[PDB]
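Pasted below: work-v1.pdb, PDB, C-alpha atoms and all ligand atoms.
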```pdb
ATOM      1  CA  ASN F 270       0.000   0.000   0.000
ATOM      2  CA  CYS F 271       1.454   3.335  -1.121
ATOM      3  CA  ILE F 272       0.890   6.123   1.412
ATOM      4  CA  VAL F 273       1.502   9.874   1.102
ATOM      5  CA  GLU F 274       0.831  11.724   4.342
ATOM      6  CA  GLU F 275       1.320  15.308   5.530
ATOM      7  CA  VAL F 276       2.703  15.753   9.056
ATOM      8  CA  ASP F 277       4.037  18.329  11.503
ATOM      9  CA  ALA F 278       7.672  18.577  12.587
ATOM     10  CA  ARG F 279       9.276  19.812  15.809
ATOM     11  CA  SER F 280      12.948  20.511  16.541
ATOM     12  CA  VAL F 281      14.512  21.900  19.698
ATOM     13  CA  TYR F 282      17.821  23.703  20.047
ATOM     14  CA  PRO F 283      20.490  23.160  18.686
ATOM     15  CA  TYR F 284      18.196  22.006  15.834
ATOM     16  CA  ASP F 285      20.584  19.342  14.524
ATOM     17  CA  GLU F 286      17.656  16.862  14.407
ATOM     18  CA  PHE F 287      13.878  16.941  14.653
ATOM     19  CA  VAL F 288      10.781  14.780  15.094
ATOM     20  CA  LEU F 289       7.547  14.171  13.199
ATOM     21  CA  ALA F 290       3.919  13.919  14.261
ATOM     22  CA  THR F 291       4.198  10.124  14.040
ATOM     23  CA  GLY F 292       7.198  10.244  16.381
ATOM     24  CA  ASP F 293      10.127   9.579  14.022
ATOM     25  CA  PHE F 294      13.423  11.338  14.747
ATOM     26  CA  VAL F 295      15.093  12.567  11.561
ATOM     27  CA  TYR F 296      18.809  12.885  12.322
ATOM     28  CA  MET F 297      19.488  15.969  10.229
ATOM     29  CA  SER F 298      19.257  19.703  10.830
ATOM     30  CA  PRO F 299      16.063  21.092   9.225
ATOM     31  CA  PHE F 300      18.329  23.716   7.612
ATOM     32  CA  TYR F 301      21.043  21.442   6.190
ATOM     33  CA  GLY F 302      21.444  21.801   2.442
ATOM     34  CA  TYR F 303      23.702  23.140  -0.307
ATOM     35  CA  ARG F 304      23.313  26.950  -0.250
ATOM     36  CA  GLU F 305      25.348  29.400   1.868
ATOM     37  CA  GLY F 306      27.316  27.145   4.183
ATOM     38  CA  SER F 307      24.391  24.772   4.668
ATOM     39  CA  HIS F 308      26.847  21.870   4.381
ATOM     40  CA  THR F 309      28.118  23.143   7.745
ATOM     41  CA  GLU F 310      24.896  21.881   9.344
ATOM     42  CA  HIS F 311      24.570  18.404  10.830
ATOM     43  CA  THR F 312      23.377  15.274   9.058
ATOM     44  CA  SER F 313      24.388  11.824  10.293
ATOM     45  CA  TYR F 314      23.061  10.459   6.984
ATOM     46  CA  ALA F 315      24.983   9.359   3.916
ATOM     47  CA  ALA F 316      25.056  12.373   1.607
ATOM     48  CA  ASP F 317      23.416  10.446  -1.244
ATOM     49  CA  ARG F 318      20.152  10.058   0.682
ATOM     50  CA  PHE F 319      19.577  13.829   0.830
ATOM     51  CA  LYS F 320      18.644  15.711  -2.340
ATOM     52  CA  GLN F 321      17.818  19.410  -2.666
ATOM     53  CA  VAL F 322      15.675  20.637  -5.566
ATOM     54  CA  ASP F 323      16.011  24.232  -6.740
ATOM     55  CA  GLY F 324      12.895  25.710  -8.315
ATOM     56  CA  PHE F 325      10.732  22.750  -7.305
ATOM     57  CA  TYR F 326       7.014  22.960  -8.088
ATOM     58  CA  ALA F 327       4.505  21.170  -5.857
ATOM     59  CA  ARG F 328       1.319  19.599  -7.217
ATOM     60  CA  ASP F 329      -1.547  18.947  -4.822
ATOM     61  CA  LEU F 330      -2.544  15.297  -4.571
ATOM     62  CA  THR F 331      -6.269  15.859  -3.972
ATOM     63  CA  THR F 332      -6.768  19.234  -5.666
ATOM     64  CA  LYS F 333      -4.599  18.107  -8.613
ATOM     65  CA  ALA F 334      -3.509  21.720  -9.037
ATOM     66  CA  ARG F 335       0.017  23.019  -9.442
ATOM     67  CA  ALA F 336       0.125  26.275  -7.513
ATOM     68  CA  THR F 337       2.124  28.752  -5.378
ATOM     69  CA  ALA F 338       5.669  29.647  -6.551
ATOM     70  CA  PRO F 339       9.113  27.967  -6.754
ATOM     71  CA  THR F 340       9.907  26.331  -3.407
ATOM     72  CA  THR F 341      13.409  24.889  -2.995
ATOM     73  CA  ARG F 342      12.676  21.409  -1.636
ATOM     74  CA  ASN F 343      14.635  19.030   0.580
ATOM     75  CA  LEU F 344      14.168  15.255   0.422
ATOM     76  CA  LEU F 345      15.735  12.743   2.820
ATOM     77  CA  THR F 346      15.118   9.016   2.358
ATOM     78  CA  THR F 347      15.506   6.997   5.553
ATOM     79  CA  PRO F 348      15.583   3.174   5.542
ATOM     80  CA  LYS F 349      11.811   3.308   6.196
ATOM     81  CA  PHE F 350      10.383   6.504   4.632
ATOM     82  CA  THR F 351      11.231   9.654   2.677
ATOM     83  CA  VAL F 352      10.532  13.162   3.994
ATOM     84  CA  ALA F 353      10.145  16.343   1.943
ATOM     85  CA  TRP F 354      10.290  19.823   3.474
ATOM     86  CA  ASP F 355      10.858  23.347   2.177
ATOM     87  CA  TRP F 356      14.412  24.490   2.909
ATOM     88  CA  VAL F 357      14.436  27.845   4.719
ATOM     89  CA  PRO F 358      17.418  29.770   6.157
ATOM     90  CA  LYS F 359      18.133  29.139   9.830
ATOM     91  CA  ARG F 360      18.637  32.721  11.038
ATOM     92  CA  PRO F 361      15.271  34.297  10.020
ATOM     93  CA  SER F 362      13.373  31.112  10.935
ATOM     94  CA  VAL F 363      14.136  30.506  14.621
ATOM     95  CA  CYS F 364      14.902  32.687  17.634
ATOM     96  CA  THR F 365      16.237  32.074  21.135
ATOM     97  CA  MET F 366      13.947  34.635  22.794
ATOM     98  CA  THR F 367      10.235  35.411  22.763
ATOM     99  CA  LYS F 368       8.529  38.805  22.810
TER     100      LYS F 368
ATOM    101  CA  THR L 666      -3.243  89.139  54.899
ATOM    102  CA  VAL L 667      -0.628  87.320  56.959
ATOM    103  CA  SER L 668      -1.292  83.902  58.460
ATOM    104  CA  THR L 669      -0.460  82.234  61.769
ATOM    105  CA  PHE L 670      -1.104  78.769  60.293
ATOM    106  CA  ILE L 671       1.429  76.118  59.278
ATOM    107  CA  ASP L 672       0.575  74.226  56.106
ATOM    108  CA  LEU L 673       0.475  70.454  55.691
ATOM    109  CA  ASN L 674      -0.444  68.637  52.475
ATOM    110  CA  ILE L 675      -1.811  65.089  52.547
ATOM    111  CA  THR L 676      -3.096  63.381  49.402
ATOM    112  CA  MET L 677      -4.589  59.903  49.651
ATOM    113  CA  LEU L 678      -2.747  56.998  48.049
ATOM    114  CA  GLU L 679      -4.606  56.396  44.792
ATOM    115  CA  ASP L 680      -6.168  53.084  43.823
ATOM    116  CA  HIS L 681      -4.140  50.622  41.766
ATOM    117  CA  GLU L 682      -5.340  47.513  39.939
ATOM    118  CA  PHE L 683      -3.224  44.369  39.526
ATOM    119  CA  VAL L 684      -3.812  42.612  36.197
ATOM    120  CA  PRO L 685      -3.077  38.861  36.000
ATOM    121  CA  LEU L 686       0.397  38.104  34.674
ATOM    122  CA  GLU L 687       2.091  34.835  33.687
ATOM    123  CA  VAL L 688       5.605  34.333  32.340
ATOM    124  CA  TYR L 689       4.674  30.947  30.844
ATOM    125  CA  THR L 690       1.228  29.393  30.582
ATOM    126  CA  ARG L 691       0.773  25.681  31.218
ATOM    127  CA  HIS L 692      -0.049  25.191  27.532
ATOM    128  CA  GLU L 693       3.417  26.474  26.620
ATOM    129  CA  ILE L 694       4.830  24.100  29.241
ATOM    130  CA  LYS L 695       2.914  21.150  27.787
ATOM    131  CA  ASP L 696       4.251  22.228  24.383
ATOM    132  CA  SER L 697       7.794  22.468  25.791
ATOM    133  CA  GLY L 698       8.238  18.719  25.436
ATOM    134  CA  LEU L 699       9.446  17.784  21.978
ATOM    135  CA  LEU L 700       6.966  14.875  21.820
ATOM    136  CA  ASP L 701       3.630  14.924  23.623
ATOM    137  CA  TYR L 702       3.157  11.179  24.075
ATOM    138  CA  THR L 703      -0.654  11.340  24.071
ATOM    139  CA  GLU L 704      -0.980  13.169  20.742
ATOM    140  CA  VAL L 705       1.530  10.817  19.096
ATOM    141  CA  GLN L 706      -0.525   7.862  20.333
ATOM    142  CA  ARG L 707      -3.834   9.302  19.111
ATOM    143  CA  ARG L 708      -2.394  10.039  15.670
ATOM    144  CA  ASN L 709      -0.690   6.662  15.272
ATOM    145  CA  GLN L 710      -3.712   4.605  16.395
ATOM    146  CA  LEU L 711      -5.791   5.875  13.434
ATOM    147  CA  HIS L 712      -3.820   4.100  10.703
ATOM    148  CA  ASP L 713      -6.231   1.228  10.019
ATOM    149  CA  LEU L 714      -9.330   3.434  10.054
ATOM    150  CA  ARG L 715      -7.391   5.914   7.866
TER     151      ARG L 715
HETATM  152  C1  LIG U   1      -0.468  69.205  47.594
HETATM  153  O1  LIG U   1      -0.351  67.896  46.924
HETATM  154  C2  LIG U   1       0.625  67.685  45.887
HETATM  155  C3  LIG U   1       1.979  67.530  46.545
HETATM  156  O2  LIG U   1       2.036  66.358  47.345
HETATM  157  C4  LIG U   1       0.578  68.763  44.803
HETATM  158  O3  LIG U   1      -0.270  68.262  43.783
HETATM  159  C5  LIG U   1       0.429  67.984  42.567
HETATM  160  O4  LIG U   1       1.373  68.971  42.207
HETATM  161  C6  LIG U   1       2.003  68.655  40.962
HETATM  162  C7  LIG U   1       3.192  69.575  40.826
HETATM  163  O5  LIG U   1       4.051  69.455  41.952
HETATM  164  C8  LIG U   1       0.971  68.799  39.854
HETATM  165  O6  LIG U   1       1.573  68.492  38.602
HETATM  166  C9  LIG U   1      -0.198  67.856  40.114
HETATM  167  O7  LIG U   1      -1.268  68.175  39.232
HETATM  168  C10 LIG U   1      -0.719  67.981  41.550
HETATM  169  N1  LIG U   1      -1.662  66.909  41.849
HETATM  170  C11 LIG U   1      -1.347  65.606  41.905
HETATM  171  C12 LIG U   1      -2.477  64.675  42.224
HETATM  172  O8  LIG U   1      -0.205  65.192  41.701
HETATM  173  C13 LIG U   1      -0.041  70.067  45.291
HETATM  174  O9  LIG U   1       0.490  71.155  44.542
HETATM  175  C14 LIG U   1       0.226  70.283  46.771
HETATM  176  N2  LIG U   1      -0.230  71.601  47.188
HETATM  177  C15 LIG U   1       0.463  72.728  46.994
HETATM  178  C16 LIG U   1      -0.178  73.987  47.496
HETATM  179  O10 LIG U   1       1.542  72.738  46.409
END
```

Since I need it in another form, could you write the structure as structure tokens?
Amino acid sequence: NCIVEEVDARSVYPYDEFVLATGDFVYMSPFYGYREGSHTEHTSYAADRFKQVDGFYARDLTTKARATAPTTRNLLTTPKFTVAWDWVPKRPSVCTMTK
Amino acid sequence: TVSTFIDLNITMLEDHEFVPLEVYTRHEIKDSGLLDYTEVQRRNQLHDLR
């Protein structure tokens, strides 16, 4: 049975790994990639498993409608699943304080 | 007019209201944990019916 499922993701400081709504720890910084020293970030995964897609276009599975704008994607294939998430810079995304 | 009196000025201490204040609410504390066990369970026990 093929299954495509959208989930939430939560990472705590130092953000070198995160979780998913199902409870699976992905051992890779949500900001690891190829652009602007993103290879500095942490991934305990073999570099072939991670692939970054510039100018990716996402098609909805139910709506069947390509939409939005180019979103640079990140894909990491674990021995049991493959996760896709939009790569965003680390500095404007997170913050150590709270107004 | 000259006066034989000595002045003294007393103004009452005005009212002041204390609004409720919390640094962290218990919902933020429940969200502090990286994995709420209950929500993970409820999501993962819907796989057959989903
Ligand atoms: C008697 O009460 C206070 C001093 O304790 C004075 O009232 C204030 O005076 C300031 C200037 O010093 C004004 O800006 C305020 O409007 C006044 N009222 C309050 C509630 O602060 C008052 O002047 C004193 N009486 C005399 C004759 O000086």

For chain L against chain F, which residues fall within 7 Å using all atoms listed in the file, given as number ranges by chain?
L: 699, 705, 708-709

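If one restricts the calculation to only C-alpha atoms and all ligand atoms, the set of residues situated within 7 Å of ligand LIG 1 (chain U) consists of residues 674, 675 and 676 of chain L.
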
Report, in Å to a single decimal, how far apart atom CA of residue 707 of chain L and atom CA of residue 695 of chain L are.
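Atom CA of residue 695 of chain L sits 16.2 Å away from atom CA of residue 707 of chain L.
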
Could you expand the PyMOL selection byres (((chain F and resi 341) around 8) and not hetatm) into the explicit residues it covers here, written as a JSON list (two decimals) with C-alpha atoms, in the frame of the given file?
```json
[["chain", "number", "residue", "atom", "x", "y", "z"],
["F", 321, "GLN", "CA", 17.82, 19.41, -2.67],
["F", 322, "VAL", "CA", 15.68, 20.64, -5.57],
["F", 323, "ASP", "CA", 16.01, 24.23, -6.74],
["F", 324, "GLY", "CA", 12.90, 25.71, -8.32],
["F", 325, "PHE", "CA", 10.73, 22.75, -7.30],
["F", 339, "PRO", "CA", 9.11, 27.97, -6.75],
["F", 340, "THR", "CA", 9.91, 26.33, -3.41],
["F", 342, "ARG", "CA", 12.68, 21.41, -1.64],
["F", 343, "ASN", "CA", 14.64, 19.03, 0.58],
["F", 355, "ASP", "CA", 10.86, 23.35, 2.18],
["F", 356, "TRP", "CA", 14.41, 24.49, 2.91]]
```

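Across the structure, atom CA of residue 327 of chain F and atom CA of residue 711 of chain L are spaced 26.7 Å apart.
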
As JSON, please report the centre and edge lengths, rounded to one decimal in Å, of the axis-aligned box that holds all listed atoms of segment 677-681 of chain L with 8 Å of padding on each of the six sides.
```
{"center_x": -4.5, "center_y": 55.3, "center_z": 45.7, "size_x": 19.4, "size_y": 25.3, "size_z": 23.9}
```

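Atom pair atom CA of residue 307 of chain F / atom CA of residue 360 of chain F has a distance of 11.7 Å (rounded to one decimal).
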
Test item: the PyMOL selection byres (((chain F and resi 345) around 6) and not hetatm) resolved as a count of residues only
6

Once the PyMOL selection byres (((chain F and resi 286) around 7) and not hetatm) has been evaluated on this model, what residues remain selected, and can you format them as a PyMOL selection string?
chain F and resi 280+284-285+287+294-299

Can you pull chain L out of that block with C-alpha atoms and hand it back as a PDB file, in the first residue's frame?
```pdb
ATOM      1  CA  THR L 666      -3.243  89.139  54.899  1.00  0.00           C
ATOM      2  CA  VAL L 667      -0.628  87.320  56.959  1.00  0.00           C
ATOM      3  CA  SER L 668      -1.292  83.902  58.460  1.00  0.00           C
ATOM      4  CA  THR L 669      -0.460  82.234  61.769  1.00  0.00           C
ATOM      5  CA  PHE L 670      -1.104  78.769  60.293  1.00  0.00           C
ATOM      6  CA  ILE L 671       1.429  76.118  59.278  1.00  0.00           C
ATOM      7  CA  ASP L 672       0.575  74.226  56.106  1.00  0.00           C
ATOM      8  CA  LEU L 673       0.475  70.454  55.691  1.00  0.00           C
ATOM      9  CA  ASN L 674      -0.444  68.637  52.475  1.00  0.00           C
ATOM     10  CA  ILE L 675      -1.811  65.089  52.547  1.00  0.00           C
ATOM     11  CA  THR L 676      -3.096  63.381  49.402  1.00  0.00           C
ATOM     12  CA  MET L 677      -4.589  59.903  49.651  1.00  0.00           C
ATOM     13  CA  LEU L 678      -2.747  56.998  48.049  1.00  0.00           C
ATOM     14  CA  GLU L 679      -4.606  56.396  44.792  1.00  0.00           C
ATOM     15  CA  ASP L 680      -6.168  53.084  43.823  1.00  0.00           C
ATOM     16  CA  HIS L 681      -4.140  50.622  41.766  1.00  0.00           C
ATOM     17  CA  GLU L 682      -5.340  47.513  39.939  1.00  0.00           C
ATOM     18  CA  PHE L 683      -3.224  44.369  39.526  1.00  0.00           C
ATOM     19  CA  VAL L 684      -3.812  42.612  36.197  1.00  0.00           C
ATOM     20  CA  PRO L 685      -3.077  38.861  36.000  1.00  0.00           C
ATOM     21  CA  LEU L 686       0.397  38.104  34.674  1.00  0.00           C
ATOM     22  CA  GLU L 687       2.091  34.835  33.687  1.00  0.00           C
ATOM     23  CA  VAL L 688       5.605  34.333  32.340  1.00  0.00           C
ATOM     24  CA  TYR L 689       4.674  30.947  30.844  1.00  0.00           C
ATOM     25  CA  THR L 690       1.228  29.393  30.582  1.00  0.00           C
ATOM     26  CA  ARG L 691       0.773  25.681  31.218  1.00  0.00           C
ATOM     27  CA  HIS L 692      -0.049  25.191  27.532  1.00  0.00           C
ATOM     28  CA  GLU L 693       3.417  26.474  26.620  1.00  0.00           C
ATOM     29  CA  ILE L 694       4.830  24.100  29.241  1.00  0.00           C
ATOM     30  CA  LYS L 695       2.914  21.150  27.787  1.00  0.00           C
ATOM     31  CA  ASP L 696       4.251  22.228  24.383  1.00  0.00           C
ATOM     32  CA  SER L 697       7.794  22.468  25.791  1.00  0.00           C
ATOM     33  CA  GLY L 698       8.238  18.719  25.436  1.00  0.00           C
ATOM     34  CA  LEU L 699       9.446  17.784  21.978  1.00  0.00           C
ATOM     35  CA  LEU L 700       6.966  14.875  21.820  1.00  0.00           C
ATOM     36  CA  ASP L 701       3.630  14.924  23.623  1.00  0.00           C
ATOM     37  CA  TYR L 702       3.157  11.179  24.075  1.00  0.00           C
ATOM     38  CA  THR L 703      -0.654  11.340  24.071  1.00  0.00           C
ATOM     39  CA  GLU L 704      -0.980  13.169  20.742  1.00  0.00           C
ATOM     40  CA  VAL L 705       1.530  10.817  19.096  1.00  0.00           C
ATOM     41  CA  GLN L 706      -0.525   7.862  20.333  1.00  0.00           C
ATOM     42  CA  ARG L 707      -3.834   9.302  19.111  1.00  0.00           C
ATOM     43  CA  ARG L 708      -2.394  10.039  15.670  1.00  0.00           C
ATOM     44  CA  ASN L 709      -0.690   6.662  15.272  1.00  0.00           C
ATOM     45  CA  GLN L 710      -3.712   4.605  16.395  1.00  0.00           C
ATOM     46  CA  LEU L 711      -5.791   5.875  13.434  1.00  0.00           C
ATOM     47  CA  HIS L 712      -3.820   4.100  10.703  1.00  0.00           C
ATOM     48  CA  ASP L 713      -6.231   1.228  10.019  1.00  0.00           C
ATOM     49  CA  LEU L 714      -9.330   3.434  10.054  1.00  0.00           C
ATOM     50  CA  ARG L 715      -7.391   5.914   7.866  1.00  0.00           C
TER      51      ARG L 715
END
```
